[PDB]
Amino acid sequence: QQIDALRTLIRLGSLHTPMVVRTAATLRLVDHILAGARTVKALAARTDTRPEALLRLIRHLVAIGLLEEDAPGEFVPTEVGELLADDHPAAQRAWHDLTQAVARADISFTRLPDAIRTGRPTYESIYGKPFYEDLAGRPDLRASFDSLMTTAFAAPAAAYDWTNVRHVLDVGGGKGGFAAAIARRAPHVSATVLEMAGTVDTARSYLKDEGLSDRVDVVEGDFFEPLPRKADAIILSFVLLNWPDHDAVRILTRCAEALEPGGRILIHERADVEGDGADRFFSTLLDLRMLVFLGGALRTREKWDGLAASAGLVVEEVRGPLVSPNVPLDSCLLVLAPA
């Protein structure tokens, strides 16, 4: 009765289990196993690890249900464990790779009390630069982050009607997947992706390869500055949660000043609601991630109305639960009009 509470709490507060997974991801272990390395001796060679040490790590991967000893000395991935394959469409190996952007950013959680004391992010205290200024100097991290955010925008593009939309402006649109999804849904629409340096190059590649350059262009810029052009739909897809309140209102005010008459601003975000249930585990992961990464947050409908009002907008409507293929969390789309 009390040992179960004791076993639960130790298990909840255990730091070695998440880091065992992340180490297994960074080492590309499941890939090497599926590539024919069953033993510790071969796996340790492929992963350039000490065999004694690798086995102790494997012992825990077996214990938490990711690896299984099928035949003596041979380890294979379980059903959950196969999701650590590098070509799995959930991209969970890349999400737990300590060399890529997100899992490297998750070290900010080691200083959570600081962020709770101040409400301000800890990523800078660990890595010396705020997140996006750090990506701007680390082309490997900029590259790996941009590919993670693309893990296809089909549901959010169907939740809007484009018939009288002429141009679309995807502010912070990453690689262009949302803009490309729109262009595939409405052949008359042209779009522009306003993105950061480095990201603009891979946004132009993806749109070229989609065959859509003749319709979706890319502008490198800053969305706290005057936006490059006016549009009938200004898209904010997973941007505003990166930002404290005054910075989100800044972005919105810039998006409002670029709205054509009858235009709209589209916030495509997870907005936490009170009665999620078992869905709160992943809402709180994102929200806390936004705190320690950047000082941003997930917002409720009440908060958006205040943000929109501060930016001279108003929340017309929210389109219901939007389901994406390989996420644990549905998102939604808020339609904003001039106040």
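In this text, residue numbers run from 1 along the sequence as written. Just so we're on the same page, rigid core means the largest C-alpha set that superposes within 1.5 Å between forms.
- Across the superposed structures in 7 other deposited structures of this protein, aligned by the core, the stretch whose Cα atoms lie more distant on average is 300 to 308, chosen from 22 to 30 and 300 to 308.
- Stretch 155 to 163 is the one, of 243 to 251 and 155 to 163, whose CA positions lie farther from the shown form in 7 other deposited structures of this protein once all structures are superposed by the rigid core.
- Coordinates are lacking for 4 to 9 deposited residues between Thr151 and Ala152.
- For the pair 185 to 193 and 138 to 146, the mean Cα B-factor is higher in 185 to 193.
- Look at the mean CA B-factor for 237 to 245 and for 161 to 169 in the entry; the higher one is 161 to 169.
- Annotation for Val30, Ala271, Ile58, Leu285: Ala271 ranks highest, by Cα B-factor.
- Looking only at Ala53, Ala309, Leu294, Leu66, the residue with the top Cα B factor in the deposited structure is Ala309.
- Ranked by C-alpha B-factor against the other modelled residues of its chain, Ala35 falls in the highest third.
- Compared with the other modelled residues of the chain, the Cα B-factor recorded for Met290 ranks in the lowest third.
- The deposited CA B-factor of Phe75 belongs to the highest third of values across its chain.
- When the CA B factors of the chain's modelled residues are split into thirds, the value for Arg229 lands in the middle one.
- In the deposited entry, the Cα temperature factor of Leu98 places it in the lowest third of its chain's modelled residues.
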